[PDB]
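Everything below concerns the one structure shown next.
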Amino acid sequence: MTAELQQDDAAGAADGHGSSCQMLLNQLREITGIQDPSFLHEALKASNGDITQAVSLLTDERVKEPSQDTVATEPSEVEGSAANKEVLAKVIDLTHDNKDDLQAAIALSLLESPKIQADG
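All residue numbers for the sequence shown refer to the deposited numbering, where the first residue is 1 and numbers rise by one.
Here you go:
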């Protein structure tokens, strides 16, 4: 009934980390300061396990509130990918008759049909 010796003797098993140390979320929480292990683990899941990138993914639009309208800005539930950016190209055309293709086809068919058509 004295003190203990040899700490290598251990007592029993000591696993259950299954690729997922506290350094991942710890650091993450130290970089971003987020309290949503879910959105955090999301970043780690998107960065393929990389913290720096993940971080990037988050600091680059993490929480806030897009989708919905909120704020004063405009909502973004659709378009949001490449566009005239990656390339401005020529054939400039915005004013006058623009997108008249779908606007016209849509209008001609929208004028005869109900309103919303969703995916259809």
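C-beta atoms are modelled at their ideal positions from N, C-alpha and C, and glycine is treated no differently.
Determine whether the beta carbon atoms of residue i and residue j lie at a separation below 7 Å.
i: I51; j: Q27; result: yes
i: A54; j: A43; result: yes
i: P66; j: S76; result: yes
Give me the Cα-Cα distance between residue i and residue j, rounded to the nearest whole angstrom.
i: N98; j: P37; result: 46 Å
i: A107; j: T59; result: 41 Å
i: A3; j: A13; result: 22 Å
i: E74; j: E61; result: 16 Å
i: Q117; j: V87; result: 31 Å
i: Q6; j: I31; result: 38 Å
i: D9; j: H17; result: 21 Å
With DSSP run on the structure shown, which of helix, strand or coil describes residue i?
i: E112; result: coil
i: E4; result: coil
i: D9; result: helix
Report task. Counting only runs of 3+ residues fully inside the segment 83-110, write out the beta strand (DSSP E) ranges in chain order. Result -> none
Requested in this report: Ignoring anything shorter than 3 residues or poking outside the segment 34-79, list the beta strand (DSSP E) runs there in chain order.
Outcome: none
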